[PDB]
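Everything on this sheet refers to the single structure shown next.
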Amino acid sequence: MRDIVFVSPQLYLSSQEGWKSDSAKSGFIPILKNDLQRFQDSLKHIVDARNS
Amino acid sequence: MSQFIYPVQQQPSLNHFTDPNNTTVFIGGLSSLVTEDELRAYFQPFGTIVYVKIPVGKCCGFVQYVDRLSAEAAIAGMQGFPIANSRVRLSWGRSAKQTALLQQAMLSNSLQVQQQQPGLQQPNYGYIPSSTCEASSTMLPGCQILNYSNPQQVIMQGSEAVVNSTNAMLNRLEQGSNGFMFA
Amino acid sequence: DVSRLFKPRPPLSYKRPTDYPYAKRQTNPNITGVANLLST
Amino acid sequence: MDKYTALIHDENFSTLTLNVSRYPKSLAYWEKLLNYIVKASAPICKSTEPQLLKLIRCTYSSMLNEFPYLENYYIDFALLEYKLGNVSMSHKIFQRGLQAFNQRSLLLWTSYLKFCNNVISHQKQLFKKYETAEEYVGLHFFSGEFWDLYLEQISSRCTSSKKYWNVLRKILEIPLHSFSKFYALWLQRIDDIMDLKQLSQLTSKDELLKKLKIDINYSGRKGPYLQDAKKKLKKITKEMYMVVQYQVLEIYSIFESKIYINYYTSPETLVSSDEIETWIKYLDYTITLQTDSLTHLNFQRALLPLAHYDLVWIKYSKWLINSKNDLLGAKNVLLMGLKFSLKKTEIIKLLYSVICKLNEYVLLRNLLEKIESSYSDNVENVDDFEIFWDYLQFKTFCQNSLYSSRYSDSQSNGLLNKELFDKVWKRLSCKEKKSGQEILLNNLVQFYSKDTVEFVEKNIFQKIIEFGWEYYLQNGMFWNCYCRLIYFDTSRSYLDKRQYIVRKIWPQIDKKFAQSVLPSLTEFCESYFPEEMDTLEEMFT
RNA sequence: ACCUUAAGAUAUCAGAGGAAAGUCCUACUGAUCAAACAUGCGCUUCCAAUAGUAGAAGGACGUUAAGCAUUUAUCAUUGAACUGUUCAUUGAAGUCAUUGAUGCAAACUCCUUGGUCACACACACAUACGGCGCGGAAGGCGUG
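Chains as they are written, first to last, in UniProt numbering: chain A, 1 to 52; chain B, 291 to 425, 434 to 449, 492 to 523; chain C, 11 to 50; chain D, 1 to 541.
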């Protein structure tokens, strides 16, 4: 699509590979591709807690 | 004149069988070789228990659960189950104070009037009926937020309760085999 | 009771058309000329 | 600047979408975002921006994938797609919504058929849809609306007027909430009959002649005879009404009057204890009635308010196991409840046992691998003990079945294989942070053979003794476990094991731990070593 | 608050009269036509067992029925194997149906409709058949 990409917080936090895709699957949340870096920064403290 | 009318009915006069709030279970046919501890061991896993009594020489006891669901499950599951070689017939009953009041009232044959058992004052959100506890929490729906202390106070259930249950189970399996308790 | 009486019929069933499409409808084209008749 | 780009460059869109992506399971942010995206399209028509329409469709689809039990949003999405002009995708949305409920959802079926009447316009297909719907959702307690729709459709389309009788006859026996309306329809429609021959619409001629003593071909004076037939039919209907009224009034008085909530709200909601108790009692009553369609309907209807509680999932699986004998059905129910329930511990345990029962061990191995991978292969350090304990038990079972025994007498190495011993010792290394130290020790004790006890002692108890961890050393249950491990050995003679205990084990403990180790040690001494009790109390002065 | 109007005519030809050429008219006169109403034709067709449990005409948007026989279920891009074939990916549309559709055929059940009239239970007929009881329905033709 244009200016919209699908991200999945559960698969991202589970340290898997397919946390982002352009196909509309189950458990995927729309997000702005311009703002994906801030999406990653939002989960930073929780993922660091999981890592530690 | 309309042909549809709301139904109306007569009340069944509030005895111990027709009371929906009744929780006590009257166990009859005991063999007198069973004590309060062993009877509590028999009737514990169906729910939490307020009190257990066995009148001396009356070959019958009472178990006062907290949940109506627990009492119904106990009656449905423990029926004809022989305690101390004697088969047991379960039915609904009353408390001890109510029993004494009824006995004095039928000796005086005056009124024979009963009072309904107190309710839980709905709505209650923490509790899940027919649940067991022995000894942080995000208050999410899946868990059991509140529960009853085992005798009585109210304690907030934690995640360590499953560990404590298994720990006590193994403790009483080791010691009960040696013979410090028949429970 | 405003429009409880004007209840319409159920929707009409569908039948595959047996005529020519509105785009294909035409009279006879390639009408041959009249000059050939005059000679013979 | 177009509407779609103006929306996508709006700042509020980023904040709403970030709240949604940060908190996927709240549904407040979901619903706020959906309301915003819908409202920012002031006209909804066929000419609005295709990109904006695609965005709205994808937002609705994502929310319906996140929360599968929202009937009202299924209906709203289907209606919006209907408004956009195309009905094929509306049919697809409704069918997907029905499948999400396993075809048992009264509101979805009612709205779907109400929409279907206007659109299908084919008698056979529409009536087949009605027959399919009634098989799944016809026995609902509140199913009056569906039967009203069915009866009005039959009365509007059919002209032979036999299907009307054949359907109202079935409706007469279902204990609905509004059985009175259908009984009044039956009474009026029997009261408007005008000749003997139309009584054949009711039942068969032989049945009328034999049971009710009514002769349809009775020729003569037919007025009083038809009145007699009407009186007999009304008496039969009165008896039917007696039965149905008893059933309906009992159900309403006992169970249905106490239930206040019948809709799925959100994963963040709490349901009341009284409602849980009445739901459980109502499910038990329905199971006792022994109707499979009604029981499935009532379980699926109970799943709506308390889906996230898992007690109803457990009860449904137990019923399917011990009352219908359908282990695959139980496996499917538990596998589906794994998605919904928030506890998942009891469901995972029961699912493990069930899958072991069905002799499907490849799926068991895959589930064990998945639950280990969900914790980044560090399941030995999970805060919740129950998941680790169930996983360890079943992984040990699989390891025993897969790897041949490395000890004598076919004594299968349960927890003494390097794959599982590593995890067990890694958890024991935390020593205050976890919760199952004593359970792990006590379940590691039970081996009861010469070489196996030698290995267990040397690897676990001797190593902890040399490391001198104060927590385990001062915990008397550890010493009880060690003494019990040695004393139950079937290799040592009684004198050898008594000598070993009294002269090796007890001197190894420090005297400053007496006030904490004395209870359990004395408990073991009283049970097994009454003679050595004097030595114990003398040494522990 | 918006709206106030197409105009003409009412059987037809021929003959006599009245207000050079029309023009109009005649409780004038012939012939044709049309309408209504009476009224007839040896006019033509049709009008259901009870001496029995039937039948005729028309339906079913009725069942058997998933009947018996055939036939249908996308397009583009990219990667991979392959001698056209198979698997996955992006985009585009997309009536529901496949227990459907189409072809064939049969049984069954049921609805509406009618003079269920009167006298008869009868040996007829080559000019082939008394059309020689009362009604009703529908037309054809004739007269007033």
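Note that beta-carbon positions come from the ideal geometry of N, C-alpha and C, so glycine has one too.
Report yes or no: is there a C-beta of chain D within less than 8 Å of the C-beta of residue i?
i: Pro372 (chain B); result: no
i: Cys423 (chain B); result: no
i: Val5 (chain A); result: no
i: residue 1 (chain C); result: Since the first residue of chain C shown is 11 and the last is 50, residue 1 (chain C) is not available in this structure.
i: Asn445 (chain B); result: no
i: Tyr415 (chain B); result: yes
i: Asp48 (chain A); result: no
i: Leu13 (chain A); result: no
i: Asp22 (chain A); result: no
i: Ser42 (chain A); result: yes
i: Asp327 (chain B); result: no
i: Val503 (chain B); result: yes
Quick check: the Cα distance between residue i and residue j, rounded to an integer number of angstroms?
i: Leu410 (chain B); j: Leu113 (chain D); result: 43 Å
i: residue 550 (chain D); j: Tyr60 (chain D); result: Outside the shown range of chain D, which is 1 to 541, sits residue 550 (chain D), and nothing can be said about it.
i: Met396 (chain B); j: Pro413 (chain B); result: 37 Å
i: residue 562 (chain D); j: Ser303 (chain B); result: This structure leaves residue 562 (chain D) out entirely; chain D is present only between 1 and 541.
i: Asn117 (chain D); j: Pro18 (chain C); result: 13 Å
i: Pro27 (chain C); j: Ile41 (chain C); result: 28 Å
i: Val342 (chain B); j: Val353 (chain B); result: 5 Å
i: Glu466 (chain D); j: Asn325 (chain D); result: 54 Å
i: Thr314 (chain B); j: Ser257 (chain D); result: 24 Å
i: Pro68 (chain D); j: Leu208 (chain D); result: 51 Å
i: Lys129 (chain D); j: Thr237 (chain D); result: 30 Å
i: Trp506 (chain D); j: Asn442 (chain D); result: 19 Å
i: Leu495 (chain D); j: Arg503 (chain D); result: 12 Å
i: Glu514 (chain B); j: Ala508 (chain B); result: 10 Å
i: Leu334 (chain D); j: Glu31 (chain D); result: 29 Å
i: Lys349 (chain D); j: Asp206 (chain D); result: 59 Å
i: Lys124 (chain D); j: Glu131 (chain D); result: 11 Å
i: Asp3 (chain A); j: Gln95 (chain D); result: 30 Å
i: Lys357 (chain D); j: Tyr391 (chain D); result: 16 Å
Looking at the C-beta of residue i, does it have a partner C-beta in chain C at a distance below 8 Å?
i: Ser121 (chain D); result: yes
i: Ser156 (chain D); result: yes
i: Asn359 (chain D); result: no
Name, please, each residue of chain D whose Cβ falls closer than 7 Å to the Cβ of residue i.
i: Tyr30 (chain C); result: What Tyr30 (chain C) touches in chain D: nothing, since even the nearest Cβ is about 24 Å away.
Closest Cβ-Cβ distance between residue i and chain B: below 8 Å?
i: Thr288 (chain D); result: no
i: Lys281 (chain D); result: yes
i: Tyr482 (chain D); result: no
How about residue i: is its C-beta nearer than 8 Å to some C-beta of chain A?
i: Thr59 (chain D); result: yes
i: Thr269 (chain D); result: no
i: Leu18 (chain D); result: yes
i: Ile93 (chain D); result: no
Check the Cβ of residue i against every Cβ in chain A and list those closer than 7 Å, keeping chain order.
i: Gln51 (chain D); result: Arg2
By the criterion of Cβ-Cβ separation under 8 Å, what are the contact partners of residue i in chain B?
i: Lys343 (chain D); result: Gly440, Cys441
Name the chain C residues whose beta carbon is nearer than 9 Å to that of residue i?
i: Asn118 (chain D); result: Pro21
Applying a beta-carbon distance threshold of less than 9 Å, which residues of chain A neighbour residue i?
i: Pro24 (chain D); result: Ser8, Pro9, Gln10, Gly27, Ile29
i: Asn35 (chain D); result: Within 9 Å Cβ-Cβ: nothing; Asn35 (chain D) doesn't reach chain A, min ~15 Å.
i: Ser374 (chain D); result: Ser14
At a CB-CB cut-off below 7 Å, which residues of chain B make contact with residue i?
i: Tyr487 (chain D); result: Under the 7 Å cutoff, chain B gives no residues; its nearest Cβ is about 13 Å from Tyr487 (chain D).
Output the residue ranges of the beta strand (DSSP E) runs that lie fully inside the stretch 191-226 of chain D and measure 3 residues or longer, sorted by chain position.
-> Correct list: empty.
Check whether the stretch 471-484 of chain D touches the stretch 508-524 of chain D, taking contact to mean three or more Cβ pairs, one atom from each stretch, closer than 8 Å.
-> Three or more beta-carbon pairs separated by less than 8 Å link the stretch 471-484 of chain D to the stretch 508-524 of chain D, which places the two stretches in contact.
Quick one: any contact between the stretch 323-335 of chain B and the stretch 300-314 of chain B, if contact means 3 or more CB pairs under 8 Å?
-> Short answer: they don't touch.
Just checking, does the stretch 298-307 of chain D make contact with the stretch 270-290 of chain D on the three C-beta pairs under 8 Å criterion?
-> At 8 Å Cβ cutoff, the stretches touch.
Whole beta strand (DSSP E) runs in the stretch 4-43 of chain A with 3 or more residues, listed along the chain?
-> The stretch 4-43 of chain A contains these whole beta strand (DSSP E) runs: 5-7, 29-31.
The stretch 38-48 of chain D contacting the stretch 12-19 of chain A, beta-carbon criterion three pairs below 8 Å = The stretch 38-48 of chain D vs the stretch 12-19 of chain A: no contact.
Please confirm if the stretch 266-273 of chain D is in contact with the stretch 23-33 of chain D, defined as three or more CB-CB distances below 8 Å between the two stretches.
-> Cβ pair count under 8 Å is three or more, so yes.
Do three or more CB pairs link the stretch 420-430 of chain D to the stretch 372-384 of chain D at distances below 8 Å?
-> Yes: the two stretches touch, three or more of their Cβ pairs being nearer than 8 Å.
Residue ranges of each alpha helix (DSSP H) within the UniProt repeat "HAT 3" (85-118) of chain D, 4 or longer = Counting whole runs of 4 or more residues, the UniProt repeat "HAT 3" (85-118) of chain D contains the alpha helix (DSSP H) stretches 88-100.
Any 3 or more C-beta pairs closer than 8 Å across the stretch 164-183 of chain D and the stretch 144-154 of chain D | Short answer: they touch.
Are three or more beta carbon pairs between the stretch 132-139 of chain D and the stretch 102-109 of chain D nearer than 8 Å?
-> By the Cβ rule, the stretch 132-139 of chain D counts as touching the stretch 102-109 of chain D, because three or more pairs are nearer than 8 Å.
Would the stretch 351-364 of chain D and the stretch 411-419 of chain D be scored as touching if the rule is three or more Cβ pairs under 8 Å?
-> Counting Cβ pairs under 8 Å, fewer than three are found: no touch.
Please determine if the stretch 360-377 of chain B and the stretch 316-324 of chain B are in contact, where contact requires at least 3 C-beta pairs separated by less than 8 Å.
-> Result yes; three or more Cβ-Cβ pairs closer than 8 Å.
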